[PDB]
Every structure is written in C-alpha cells, then in structure tokens.
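Okay, structure first, notes after.
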Amino acid sequence: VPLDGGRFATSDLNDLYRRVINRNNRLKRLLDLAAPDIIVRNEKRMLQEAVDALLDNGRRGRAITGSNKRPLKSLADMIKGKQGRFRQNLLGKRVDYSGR
Amino acid sequence: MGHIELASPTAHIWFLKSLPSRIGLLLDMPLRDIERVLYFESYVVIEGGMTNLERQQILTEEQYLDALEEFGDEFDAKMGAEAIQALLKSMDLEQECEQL
Amino acid sequence: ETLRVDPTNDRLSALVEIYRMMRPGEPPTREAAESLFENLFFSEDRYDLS
Amino acid sequence: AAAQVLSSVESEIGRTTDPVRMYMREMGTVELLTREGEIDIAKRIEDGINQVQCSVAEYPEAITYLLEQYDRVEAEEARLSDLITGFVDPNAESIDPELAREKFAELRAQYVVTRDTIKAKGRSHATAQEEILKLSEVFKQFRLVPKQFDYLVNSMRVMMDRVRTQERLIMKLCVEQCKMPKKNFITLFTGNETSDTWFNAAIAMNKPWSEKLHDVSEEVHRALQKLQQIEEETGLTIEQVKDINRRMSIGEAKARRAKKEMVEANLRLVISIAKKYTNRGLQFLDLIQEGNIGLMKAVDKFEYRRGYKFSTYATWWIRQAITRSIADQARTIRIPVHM
Amino acid sequence: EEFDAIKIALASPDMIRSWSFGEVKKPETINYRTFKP
C-alpha cells in the first residue's frame, strides 16, 4: 500500500517468497547446464534453508539477519508468539459502536 | 491461490527438529543421523543387493570411496531428501507392523 | 585436581582446543589461532580496557 | 585423501547447519595449483576439444546440413542479418560475399567430387577413404563461431538420441520378451548390421527358451525397418557411429574433469574476490553462487596463447556477474541496470 | 455456508495443484513507472 508521504509498505514475506523463487530459478539454470556437484549441493542446501526459513524462521540457533537490523519475523510468528493472530483477531477483535 | 514449480524436494521444518522427530519415530533411526543425512554431511544406504550393508546405514566420504571401487552395479545411495523420499516410497507398513 | 582432570600438556595441545571452542567447523591451525589470541587478549586497537 | 582430517573436524562439530563453514570446509580439500601446472590442464582441454571436433569432422552429413543452412540463409536474395555473423569467421594457425564465394567454390567442388565417388567399388574403399580424409582435412580448416557450432553439435546430439533410442527400444523389447543373453546378441549385432540373417540363424539354432518368439516377430522385424530407413537416409554402419560417439564422449569427459579440477582449485579465488563485495545489498551466499557461475563462464572462454594469468581475465567476468546480481533485483521492486 | 465438523489431514500435492489456479514464474511484483503489475 502507498502511504500519505509516498512511501511503500511491503512485507518480509514478499522478500522470503521472492528469494525462494529466485533461487529456484537459479537451481533450474544450474540443472539445465553441466554444473559441478559442489555448486549443485550448495544451491540445494541454500534452497533447503530458504524453504525451511519461509516455513518458520528463527527457532533454531541462527536466523536471517540484515533486513532492518532486527531479527526476522516469519509467517509462523503470527500464530505462535505474543503477536497472536488467534488472540488478536479470532476470539476477540475490534468492533464498532462504542465509547469511553 | 497459486503454486511454485519446485524441482529439488525439501522437507518440512516442523517434523525434523520439532518434538520428537516423528521421522525417527516412524523409521526407527536416531535424529542425529537424520540431521547428518539431511544436511548433506554423509551418504546413506537406501537398498543394497549385496550382503555388505543393510538399510539405514550411513557412509562418509572415505567409506564410500573404499566401498565404491570394489563392488558395483547393485548399490544405490543418494545424499539429501531424495534418499529419504525413496526410502519412504520403498518401505512397507503391514510386514513391519506384523514384526512389531 | 584441575590438572588431574585436564589432559593437555603443552601450548600446542591447548591452542587447538581453544580455537575449536572459539569457532567449530574448521581444521586446526597454529598461526590463525595465535593471531586470534593476540587480537582478542593482547591487542590495544581492538581491545580497550578503560 | 583428505577425509581423515575432515572426520576429526566433524567429530568436534555439534551439527552446524550454517552453510558458510560447511562450504569452506568442503572446498579446503584441493590445495593451490602451481603457475605452470594449469598449462597441462589447458592442453588436455585442447586435446578434448580437438577430439570432439574430429568426431564432428568424421560425420559426413555435417557438411550437408551446413550447406542446407547456407542455402536457407542465401535463398531470399538480400541478407546481412545477425544469423550470418554466427557462421565461420576462420582463425589463423568484416565478412564480404566475394571471399565467401572464393572460399566456398572449392568446398562445393570437393563436395560434388566426393559425393559422386561413394558407390565406386565399395562403401569403405581405400581411395574413397583417402577422399573422405581429404574432405575432412578441408573441413577442419574452416571452424565455426561456437553458436552455430554448438547448434550443429546439438543437431548431432538429437540424431544420436534418435539412433540410440531406436537401438535401446529394440534391445529392451528383446530382453523383455525373449530374454536373449548378451553373448548371442552383441556378436550378431556387431557382425551382421544389415539384414535378418542373424534372425534366421537364431531360428536355425534350436534353443528351447527362444520358442516365445512368433507372437513378437511382427514388432521385431518392424523395429528394424526404422533402422533400414536410417541406413537409407545416412548410409553408415553402426560400429563407426559408435566409435565416433565414444571418441566424442572421451573428448567431452576430458574437458569435464579438467573443469572439475579447475573449479575445485579456484573456488578460493572466488571467495577471496567475493568477500570484498558484500556491501549489504543482499545476502552473500547468492554472491558466492553468482561468483561460481562467473568462474564457470570465465573458464568456458579462456585462451592459452595470450601468456597472461587467468585471474586478471576472470576478474572482469566475476565482477560483471556480481554487478548483474546486485543490479538484478536489489529491492522489492524491479529497477533496470542503466537506472 | 453450513458447517458441522472440522477434520484436518496431510494435503496431497496434486490436490493442492487442483486448488491452485495458476503458476508464477518470476518473483517480480510491480512496475516502477506505472502501478500495473
């Protein structure tokens, strides 16, 4: 969504689903040619780390850093932690007609 | 919705290091060997026609070079999730449940 | 009793274990571990002491 | 020869999942090569490329497909397009049609004097063999730009895949139906190669396992009609094509193992030039992978007669690779390179 | 719609492709000079 000051508001999920498809296309480019096996296994475990980070990032000892110098929040953190998609919008949420 | 044409198969993170490694509970193999095979550290024997080794036997970089130049034409081994999905395809449930 | 427990004898047996405790996943060397020791404990530009 | 140290390393590792330490522990097996040590590797690359080009030059219809493509690009009376730039450009041991006529007139003359002498006294006559060798030595003088050269290599690959697919279909149907041993099969497949006299010899031999043969013969001598059609369109024997394909496989495998030895000894130059280009544009493992791709593209077009070192030539290619990788996405949006 | 029970299971890949209405090749999202994707 564009903001009032012309700034853009994108998600980190966009970055995850962008990098996964980028390295999937790079794996396709490496497998369509005669590549060394070290390069192939490197691309394979990079794809493995990226897919398992897109599933749940940051429950092991090391996570993805370097977005905005904060540790990364994944799609499972909307459900698991204190942010709580359940607790915020499923068993109680914002309703109209009120005042205090 | 949409899908991604994903070539090299990747395991699910909520099954491997999550309690209590259901792969090791269904295949009767310790989770340390699962973490070593699925992180490209060593090979694993899927199914061998010879009487040298059996199923769920890991092989390092030296042991595979020691066992490769002697025998052949009946030994099948992969590195990564391909060996695990082939082992889950080639296994049976009824005979294992009868043995248990 | 600590000397009874610890089996290390010389500096070469100690620096290998210290450098493996620093960063695992590397073959042990002498020069890199010695330079890391000098820059983490005997350095002034990279180690200030107030 | 270096797994004994790696086992003692991995005994200390408490299952590290970080690919950086993993990458720089698998790449540390091969040590640094010497300066004049890669000259023999380049000479093995030369021998492999020359063996592949001799396997192409022994194929007789490559000149026929080249003249067919030349007639198709010469047909519509006025062309100066980019397809003409993909042709020969001959090297010594700006293309005008006058030199093309002057260098293709004797090529057409050798083609029409070689084609008419095929049926003279034999298929593999010694004078005809000398004429084929002379035509091949003429054809080896003009060597293509590798775009159309790799196009003709891919066309020969498709023809080889068709021939080996028909042969594999015949072999798998025979093994599936009659279960014929290889001792009675390979000898006849090498010897006869033309007709069904080996089939009649297999009938004349009693062999009670071969009694399950009459209900499959309507496909057995139908699949050989395709081989007869291939021999009618080509006019070559099976053993010579297999020998050419084996020499082409050796000439590709020598260059392939040379590229393996090159990359396993020059991953560390890539990481040394890649760890200084990590200015927080994107995560650096993609930069390592793109540097490896740039190393491959620099090895694929490396010269020997220059006399300079490979690092200065490969630095420009790997910086071009890192530049196009850092300018490919660079954001959540798409911005072109000139911007 | 009416619902009575909830049952979850492991989703089949061809089933996921059956309720997948398309495939995305490159992860580029929108253009810079116009907002058309």
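Using ideal geometry, Cβ is built from the backbone for each residue, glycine included, and neighbour counts are taken over all protein chains shown. Read the figures in this text as sums done on the coordinates, not as results from a lab.
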Output the number of residues of chain E satisfying the condition of being within 14 Å of chain B (Cβ to nearest Cβ), farther than 30 Å from residue A:6 by Cα and part of a loop (DSSP other than H, G, I, E, B). 8
Subset of region B:21-72, residues within 25 Å of residue D:13 (Cα to Cα) and hydroxyl-bearing (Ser, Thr, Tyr), comes to B:21, B:39, B:42, B:43, B:60, B:64
So, in region A:39-77, how many residues would count as being touching a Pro at 6+ places or on another chain (Cβ under 8 Å) and either buried (at least 19 other Cβ atoms within 10 Å of the Cβ) or under 30 Å from residue D:262 (Cβ atoms) (or both)? 4
Test result for residue A:39, in a loop (DSSP other than H, G, I, E, B), of a type in the set (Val, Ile, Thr) and at the interface with another protein chain (Cβ under 8 Å from one of its Cβ atoms): no
Quick check on my filter: what residues within region B:1-36 are within 13 Å of another protein chain (Cβ to nearest Cβ), assigned to a helix (DSSP H, G or I) and in contact with a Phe, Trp or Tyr (Cβ under 8 Å, 6 or more places away or on another chain)? B:22
Please give the helices (runs of 4 or more DSSP H) falling wholly within chain C in which 1 or more residues are surrounded by 12 or more Cβ atoms within 10 Å (Cβ to Cβ) and out of contact with any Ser or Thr (no Cβ under 9 Å at 6 or more places or on another chain). C:11-22, C:31-40
From the list B:32, B:36, B:55, exactly one residue is charged (D, E, K, R), crowded, with 17+ Cβ neighbours inside 10 Å and within 30 Å of residue D:25 (Cα to Cα). Which is it? B:36
Please determine, by comparing only the residues of region B:58-84 that are in a loop (DSSP other than H, G, I, E, B) and among the small types (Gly, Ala, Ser), which one is surrounded by the most Cβ atoms within 10 Å (Cβ to Cβ). B:80
Filter region D:82-94 for residues that are farther than 14 Å from residue D:142 by Cα and either over 27 Å from the mean Cα position of the chain (by Cα) or surrounded by 14 or more Cβ atoms within 10 Å (Cβ to Cβ) (or both) and give the result. D:84, D:94
Just for region A:50-73: of the residues that are hydrophobic (A, V, I, L, M, F, W, C) and within 14 Å of chain B (Cβ to nearest Cβ), which one is farthest from residue A:24 (Cα to Cα)? A:63
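Condition first: polar (S, T, N, Q) and more than 30 Å from residue A:45 (Cβ to Cβ). Can you find one or more residues in region D:16-33 that meet it?
No, there is no match, as no residue in region D:16-33 is polar (S, T, N, Q) and more than 30 Å from residue A:45 (Cβ to Cβ).
When region B:5-16 is examined, which residues are found to be crowded, with 16+ Cβ neighbours inside 10 Å and closer than 23 Å to residue A:80 by Cβ?
Within region B:5-16, B:10, B:11, B:13, B:16 qualify.
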Return the pairs, sorted by first residue and then second, in which the second residue is surrounded by fewer than 17 Cβ atoms within 10 Å (Cβ to Cβ), the first residue lies in region D:247-261 and is more than 11 Å from chain A (Cβ to nearest Cβ), the beta carbons are less than 6 Å apart, and the residues are 6+ apart or on different chains. D:254/D:44; D:258/D:44
Exactly one condition in (1) exposed (fewer than 15 other Cβ atoms within 10 Å of the Cβ); (2) in a loop (DSSP other than H, G, I, E, B); (3) within 14 Å of chain A (Cβ to nearest Cβ) is false for residue D:281; which is it? (1)
Of (1) within 13 Å of chain D (Cβ to nearest Cβ); (2) among the charged types (D, E, K, R); (3) surrounded by fewer than 12 Cβ atoms within 10 Å (Cβ to Cβ), residue B:94 satisfies all except one. Which? (1)
Got a number for residues in region D:324-338 being assigned to a loop (DSSP other than H, G, I, E, B) and either more than 8 Å from chain E (Cβ to nearest Cβ) or under 36 Å from the mean Cα position of the chain (by Cα) (or both)? 8
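Quick check on residue D:312: is it more than 12 Å from every other protein chain (Cβ to nearest Cβ), of a type in the set (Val, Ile, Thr) and within 16 Å of residue D:38 (Cβ to Cβ)? Give the steps one after another, and end with the answer.
On the way: more than 12 Å from every other protein chain (Cβ to nearest Cβ): yes; of a type in the set (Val, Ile, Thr): yes; within 16 Å of residue D:38 (Cβ to Cβ): yes.
Yes: the conditions hold for residue D:312.
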Flag for residue B:55 being in contact with a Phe, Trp or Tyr (Cβ under 6 Å, 6 or more places away or on another chain) and either of a type in the set (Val, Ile, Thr) or more than 14 Å from chain D (Cβ to nearest Cβ) (or both): no
Region A:24-36, residues that are more than 10 Å from chain E (Cβ to nearest Cβ) and crowded, with 18+ Cβ neighbours inside 10 Å: A:26, A:27, A:30, A:35, A:36
